[PDB]
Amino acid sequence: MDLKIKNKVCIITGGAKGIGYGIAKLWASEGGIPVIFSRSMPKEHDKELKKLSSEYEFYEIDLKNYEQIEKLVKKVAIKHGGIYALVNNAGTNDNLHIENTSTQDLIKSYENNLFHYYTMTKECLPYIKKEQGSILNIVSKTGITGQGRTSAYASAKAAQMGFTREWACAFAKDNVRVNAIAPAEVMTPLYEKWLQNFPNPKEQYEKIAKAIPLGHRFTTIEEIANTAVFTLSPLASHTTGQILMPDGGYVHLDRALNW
């Protein structure tokens, strides 16, 4: 399947690790040019990405400092000539529960998780409308299902769903598609490092994984990436406003399902 993204430029926030890095590698393997906005870039990931795409660039930035975004996006546009797509992906489930988290710390969380989805989109939109491209927001099942001990993250992810539908409305006229991916549980090195923090790592993974209908296993990075990159590409050219769930049946299948 020819995704027709060769030499198309995609900025991926938090594209240095985990899900965002999976999306970047697949974008690169398919001939697109990925540009990573993230706090740091592991040297080995930088090497793999350069090997995949000679035009790849890393821009070091903490996106809580959203005033830096206009200057950085402008550089990207000058260096490469335009921007086709944006993946808003940088975020952290910081498990801030309402009963013990101040409103001030909620706002701090929105700085780390939410505001730059707006700012990145705002500054990329001039260029993405030119190329009739794509915006993709990585949200989370928690914005839909809740979880119970993570008010700051749940509302930020739901807000990003609202942004998805709002921007799909705003730029349908422009042939710019806006979609979101809501993963449930995706195995990343950070996740594995968080499980290994447990007295019984296997038991703890099993507690989570047994609630996932398709295989009692976490979604892989590659599985999120495949759906993300397909959705970004011209091959999804009538898909917009979609909250997509490659999630093993987590959100939609009977909660009592077991085997």
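Each residue number is its position in the shown sequence, starting from 1.
Higher average CA B factor: 191-199, of the stretches 191-199 and 63-71. As the entry records it, the average C-alpha temperature factor is higher for 72-80, out of 72-80 and 165-173. Across 224, 232, 26, 208, the entry's maximum B-factor at the CA atom is seen for 208.
In the deposited entry, the Cα temperature factor of residue 34 sits in the middle third of values across the chain's modelled residues. For residue 41, the recorded CA B-factor ranks within the highest third of the chain. Only modelled residues enter the ranking. Ranked by Cα temperature factor within the chain, residue 121 sits in the lowest third according to the deposited record. In the PDB entry, residue 228 places in the lowest third of its chain by CA B-factor. For residue 253, the recorded CA temperature factor ranks within the lowest third of the chain's modelled residues.
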